[PDB]
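**Q** Chains A and B supply the protein sequences, listed in that same order.
Residues are numbered in the authors' numbering as their position in the first sequence, beginning at 1, plus a constant of 88.
Residues are numbered in the authors' numbering as their position in the second sequence, beginning at 1, plus a constant of 91.
Positions of the beta carbon are idealized from the N, C-alpha and C atoms, including for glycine.
Please find one structure pasted underneath; my questions will follow.
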Amino acid sequence: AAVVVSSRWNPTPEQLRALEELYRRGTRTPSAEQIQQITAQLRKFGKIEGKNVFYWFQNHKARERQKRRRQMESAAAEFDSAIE
Amino acid sequence: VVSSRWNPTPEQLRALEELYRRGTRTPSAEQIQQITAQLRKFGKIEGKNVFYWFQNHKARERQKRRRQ
DNA sequence: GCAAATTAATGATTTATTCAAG
DNA sequence: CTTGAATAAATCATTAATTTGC
């Protein structure tokens, strides 16, 4: 019987899937009321607060950009090696 | 019995693994051809085998080791 | 011991995404 | 808004491990 305290919010798999689908529908920089409403809904899956949503979308946008940039340095790896 | 799908020779396997440990995870076309060149000393292999091996390895290590 | 049966691994294909040309 | 570039996720398919009954 015991406690564990978190230093960083982590999305539950359900909160994560919800945020990823908000992203697939085109959400990129939620407004303040958007942040609050999203938060109010995702709190049903578990712990989450407004700044967590705010950061999640910033970090996800940046990481997608960086990911997609580093997919470009590969320079058509799949076609040049697998199809021809 | 003859082969329909490639399978790494036990040495190509250790070399592909070493490359993954030292940071090669999403190799480029060029590098892929470089790697394929080297690994054929140890037997049959083509660029498609190398490209898929890194894709599948990376995906399934994510499955095993990533926490969510 | 040995293969047929069944299960686990993994190679190869397909599908759904992403950013950002145009 | 559309779509080119290029996956990585999900899935399909075949091989290797292994289990099983003899």
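Please report the straight-line C-alpha distance between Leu-110 of chain A and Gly-134 of chain A, rounded to a whole angstrom.
**A** 17 Å
**Q** Could you say which of A:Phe-167, A:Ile-136 and A:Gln-154 lies nearest to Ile-123 of chain A if we only look at CA atoms?
**A** A:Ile-136
**Q** With a CB to CB cut of under 6 Å and the five nearest residues on each side skipped, what residues in its chain are close to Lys-132 of chain A?
**A** Contacts found: none.
**Q** Output, in sequence order along the chain, the residues in the stretch 112-132 of chain B whose CB is closer than 9 Å to any CB in chain A.
**A** Of all residues in the stretch 112-132 of chain B, the ones placed with a Cβ closer than 9 Å to any Cβ belonging to chain A are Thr-117, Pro-118, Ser-119, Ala-120, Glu-121, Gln-122, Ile-123, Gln-124 and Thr-127, in chain order.
**Q** Output the distance between the C-alpha atoms of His-148 of chain B and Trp-97 of chain A, rounded to the nearest integer angstrom.
**A** 29 Å
**Q** Between the stretch 152-169 of chain A and the stretch 101-121 of chain B, can you find at least three pairs of beta-carbon atoms closer than 8 Å?
**A** Touching, yes.
**Q** So that I know if they touch, is there some Cβ in chain B lying closer than 8 Å to that of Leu-110 of chain A?
**A** no
**Q** Taking the alpha-carbon positions, what's the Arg-157 of chain A to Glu-102 of chain A distance?
**A** Here the alpha carbon of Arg-157 of chain A sits roughly 28 Å from the alpha carbon of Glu-102 of chain A.
**Q** On the CB-based measure, 16 or more other CB atoms within 10 Å of its CB, does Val-141 of chain A come out buried or exposed?
**A** It is buried - the Cβ of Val-141 of chain A has at least 16 other Cβ atoms within 10 Å.
**Q** Would you list, in chain order, the members of the stretch 148-162 of chain A that have their beta-carbon closer than 8 Å to a beta-carbon of chain B?
**A** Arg-158, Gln-159, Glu-161 and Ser-162
**Q** Run through the stretch 109-170 of chain A for me and flag every whole alpha helix (DSSP H) of 4 or more residues, listed as ranges in chain order.
**A** 120-130 and 138-160
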